[PDB]
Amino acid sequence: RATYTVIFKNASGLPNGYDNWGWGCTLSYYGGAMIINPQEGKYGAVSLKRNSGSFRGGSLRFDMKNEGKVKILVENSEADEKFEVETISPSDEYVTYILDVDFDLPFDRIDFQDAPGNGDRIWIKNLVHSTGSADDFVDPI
């Protein structure tokens, strides 16, 4: 069986035990969503940085709505390497995504990037990691 790590459900600040090592954004909070405000021309990303420890593969679950395309990545800070996980299309409604992470290195950062770099907003809730596949994911939310 998979180990499930709830990173956050409803947010009013950064998740407990996490930093933000991103760039070219402002974060704000309302209705339990983490709300990212990327800055035009910056291709800004939030990069949630786990203070102690690492995830290996498995999959990432989260609810998101977003005005523009969003790029989801994981990073390994030691090896200084990024891995693209998925590119998500615009949606005016929350949609729940469960995505396989196929990176072959441990990751301690999860990134949400404004791919068009035009400042489209992003809203995120209920972010959870599983050591198991997306197919096998049993939603604790």
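We number the residues from 1 along the sequence you see.
- Among all modelled residues in its chain, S28 ranks in the middle third by Cα B-factor.
- Among the modelled residues of its chain, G57 has a C-alpha B-factor that falls in the highest third according to the deposited record.
- Looking at the C-alpha B-factors along this chain, the one for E75 belongs to the middle third.
- In the PDB entry, a CA B factor belonging to the highest third of its chain's modelled residues is recorded for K82.
- Among all modelled residues in its chain, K69 ranks in the middle third by Cα B-factor.
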